Undergrad: 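Please read through the structure below; I'll follow up with questions.
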Number of protein chains: 2
Amino acid sequence: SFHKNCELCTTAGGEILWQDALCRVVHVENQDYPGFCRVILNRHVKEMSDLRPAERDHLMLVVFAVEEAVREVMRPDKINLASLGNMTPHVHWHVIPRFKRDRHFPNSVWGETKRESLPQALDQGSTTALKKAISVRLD
Amino acid sequence: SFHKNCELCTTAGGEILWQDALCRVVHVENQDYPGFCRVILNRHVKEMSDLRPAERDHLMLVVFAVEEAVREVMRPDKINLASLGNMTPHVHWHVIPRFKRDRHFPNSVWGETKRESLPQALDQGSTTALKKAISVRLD
Ligand SMILES: [Cl-]
Ligand SMILES: [Cl-]
Ligand SMILES: [Zn+2]
Ligand SMILES: [Zn+2]
């Protein structure tokens, strides 16, 4: 339910862009990846296959709506999606806009750094646009 | 449709465990990660959101079946799920069984190694057990 020592039970995880009963979407303020968002399950569950099929589905619909919003607002070269949870075993999806000359490309963002990069952190305008784009698709 | 220079248009990608029209499930032979499976879309498509919602849904069903089968056969500490495609932009999902004693834990498998880990490659019984577990769920 709620583990008092799990950061995703105890913290928002970033600026909340959208939420419902099942989950929340946040902009993670990552200096190397503006527009990096996470879909975080509200309750503490370890694996996607711990969820009932209907919950799995609802969660994945939010993830794909967030992919679409990030594509539209950020216009990235590639989208990466991942649910890892090795350090924090509480279901959460990274939705990451990648660019050919970003810090790590074509490595994953968890891999070796490839180049210097200096992407402009999101402005209120972009953050707003992300919120609108997610809302359009989910509300 | 078919990109002649794309590894996932021109190779099985591993030993095939299950397939239908839309996709195939393979066991990736990775000496550090027995039970690493991949769900590869059969045609060339760059992003998940480039798929029709009926196709996204079905692919994700296959992914979640493979997750459940890997958990049953491998009894991992954690599952990692990921669609990256930075090096090969053809939709495919990594379904990775992780263990506390694996090479990278709690890093992602793309990160720095933390320990020695020389695991036993899967026997015919385990690979066959994966095929059966996947098939029972999808057929
Ligand atoms: Cl993670
Ligand atoms: Cl990849
Ligand atoms: Zn938690
Ligand atoms: Zn291809």
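Below, read A as the first sequence line, B as the second, and so on, with proteins coming before strands; counting in each chain starts at 1. Remember, it's 1-based here, ligands and their atoms both numbered in the order they're listed.
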Undergrad: Within a 6.0 Å radius of atom NZ on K100(B), are there more than 12 heavy atoms belonging to other residues, nucleotides or ligands?
TA: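 No.
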Undergrad: What angle sits at the Zn ion (ligand 3) between SG of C9(A) and ND1 of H90(A), to 10°?
TA: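 ND1 of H90(A) and SG of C9(A) make an angle of 110° at the Zn ion (ligand 3), to the nearest 10°.
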Undergrad: The criterion is salt bridge (charged side-chain N to carboxylate O under 4.0 Å, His left out); which residues satisfy it with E68(B), sequence neighbours excluded?
TA: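 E68(B) satisfies salt bridge (charged side-chain N to carboxylate O under 4.0 Å, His left out) with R56(A), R137(B) only.
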Undergrad: In this structure, are over 12 heavy atoms from other groups packed under 6.0 Å from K46(B) atom NZ?
TA: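 More than 12 heavy atoms, drawn from other residues, nucleotides or ligands, come within 6.0 Å of this atom.
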Undergrad: Would you say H3(B) has an N, O or S atom lying under 2.8 Å from the Zn ion (ligand 4)?
TA: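 No N, O or S atom of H3(B) is closer than 2.8 Å to the Zn ion (ligand 4), so no.
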Undergrad: Check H44(B) and report its N/O/S atom nearest to the Zn ion (ligand 4), by atom name.
TA: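 The atom in question is ND1.
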Undergrad: Classify the angle between the aromatic ring planes of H90(B) and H44(B) as parallel (below 30°), tilted (30 to 60°) or perpendicular (above 60°).
TA: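 Perpendicular.
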